[PDB]
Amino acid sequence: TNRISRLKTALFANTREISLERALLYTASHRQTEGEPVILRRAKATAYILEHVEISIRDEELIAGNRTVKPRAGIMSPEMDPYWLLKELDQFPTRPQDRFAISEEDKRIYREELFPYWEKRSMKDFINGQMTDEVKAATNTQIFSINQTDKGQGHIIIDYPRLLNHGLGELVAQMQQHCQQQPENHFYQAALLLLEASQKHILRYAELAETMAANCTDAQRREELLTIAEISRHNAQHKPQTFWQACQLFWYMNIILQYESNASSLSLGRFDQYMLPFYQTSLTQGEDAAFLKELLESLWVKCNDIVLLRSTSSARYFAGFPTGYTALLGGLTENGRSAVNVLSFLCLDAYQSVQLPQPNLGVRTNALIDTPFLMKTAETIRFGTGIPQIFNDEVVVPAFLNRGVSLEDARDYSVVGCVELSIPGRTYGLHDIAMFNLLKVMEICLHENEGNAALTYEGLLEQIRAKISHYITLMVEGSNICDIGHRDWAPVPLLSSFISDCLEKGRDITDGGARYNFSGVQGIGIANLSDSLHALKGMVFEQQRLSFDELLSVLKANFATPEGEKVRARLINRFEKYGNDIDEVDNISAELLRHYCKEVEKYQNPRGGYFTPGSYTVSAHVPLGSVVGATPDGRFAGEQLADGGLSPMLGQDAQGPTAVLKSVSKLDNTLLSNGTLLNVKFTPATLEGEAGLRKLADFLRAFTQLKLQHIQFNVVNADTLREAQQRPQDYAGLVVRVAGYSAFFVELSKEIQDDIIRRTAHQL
């Protein structure tokens, strides 16, 4: 509809700005709460923000509530890390990734007020002081990186049924009982005051809407504002009844949760499941189905107001705003039957009207998925934004059962962020706490064996396994340090009050209140690792075309010599690559990634749970590849690693898209319980017509039966992407799939753009 087009346009009409507002309000509260327990200072800061932040209802909005009045603000968190903000203060409009405007006045405020206050007392300060010599040395080798040391943790889904099936009034009454039973418990005290502050913040909007209504001279908009006002008064206390009431309470708490956390991937869970009762009530009470769809389209637009601020180095790993308002559709019911419902379809139809990076919708596939929903899924994929992605119940549920998750909890899974498997309202997974550079481990092993006359292939392999094991230990150490930094500096009591089993245990998620406690660490580069070892085994040890030392010399020269460029061609073309259903190379990727997985699961986090392995990248395959020299798969020095996590390396998949599925199916995907990621690209031509949709639907059934965890699709011609590079001013709205998230192509750095362009465009 035209309103929806105008709401979308308004998000991008003005240049994104850095916002100091949360930091100034958070700091003002902090000045008044000196000497109080950290969790109460955190809560009172959120309450202070809720009472003082500037709010508006933007033109034609049907769902009230935005973090900032100006759209898509970069909300800075100097309480988490004030140092990078200071360094980049005069570089925000020009930095290579994620630009923002910032006024001269706000820069002065940052230099004069916020930086001096937070210097030496920030979370980054604590984490810096805890980082041990061995871990800092290990991050200097580029073998792994530790995430969220400088920002809110996020990466969690709250219990939406708890919120929507009770309403804030009953939740306050239950928290009052907890505080009465345990009057010394600061978590309960904090959660109560935040529930109460949430009510007042909702009533701030109720009062504003009622005022705006009287000052509105359009009769249709007046009625809309009066309804927003009435719904907001209802939201302050009552459990929702109608779809609009549920969506509005839902969105108010999501904004409020961003005030508490200011973090990525506060994901949405199984929206089509927990919203179904309210959609059904609205229909049976006679509301207009077209308005309900327009309301949902408007809610999708609301999700795109939120972009997270990160440093220039961080933006190399997480480029183009992977906000992670991820909602999954379909799946299984409690007894293992199909959960597809009318909202599963409507969510996809509303997305087809919006076609923005958010919500990051996913479809849960399984052996029961019906052809109409499969074809609606295929139809939506063909629009080319990358959404929806696909998750496979057939392997995700056993992966969770292996981690001690109950059958009913596992069947109720959803996804945090890009691809991180999680149990909604029941999990604190630290789902992207570290990324492990498998190819760098291999590269260091290679050069450690220069001049080793006794080297054999199997001995090299044992050295690689041993160095993987050694550095996993240090990853764990660094990850636990950041875990503790979030516990000591940044509890999230309101969020935690919506996470089982925090209220029962009486503890925030950062101190282990969640039912399930993981730490999720990503092994990246498996395609390059297996390709490299297979070509090296054949080139050097089997055929003896070069000695090992002669190969090392060619790598150090970056293949530049005349014989070097010819050795490179032989490595690339005369040895099989992962992603072509070739067992001899695929079995290397399976073996080495299983070794990674079995080592990771040995280690405990400080919350009474264990580390879990994943294999996904966001955009980190580019900076991780940028620190690995030339390798025996034919990579030049600095070249990206394979995209996504489980994808073949660029252009190496020569046997079609089903051969890719079969290679990935050989990995032990049940162990990779933190989630995995596979990118596949199709030409728009191969998907044309109903026959094109049926081909895609059949491909998705093949994917399901092969028990891969995840797949997602670009559908775009390389010519379009090159044209957007030449004339970005004509392609500001072009959306592409990066890795578990979608982004505006012209806002991605050249190296990510070329990643997407160079991925194989498959036919079906």
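Residue indices: 1-based, along the sequence shown.
Per the PDB record, of the two stretches 488-496 and 380-388, 380-388 carries the greater mean B-factor over its C-alpha atoms. For the two regions 274-282 and 573-581, the entry's Cα B-factors average higher over 573-581.
Looking at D133, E79, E394, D501, the one whose CA carries the top B-factor in the deposited record is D133.
Looking only at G478, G331, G459, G152, the residue with the top Cα B factor in the deposited structure is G459. Ranked by C-alpha B-factor against the other modelled residues of its chain, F115 falls in the lowest third. When the modelled residues of the chain are ordered by their C-alpha B factor, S19 lands in the lowest third. Ranked against the other modelled residues of its chain, the C-alpha B-factor of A630 as given in the entry falls in the middle third. Per the PDB record, residue ranking by Cα B-factor puts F92 in the middle third of the chain. Annotation for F636: C-alpha temperature factor in the highest third relative to the rest of the modelled chain, per the entry.
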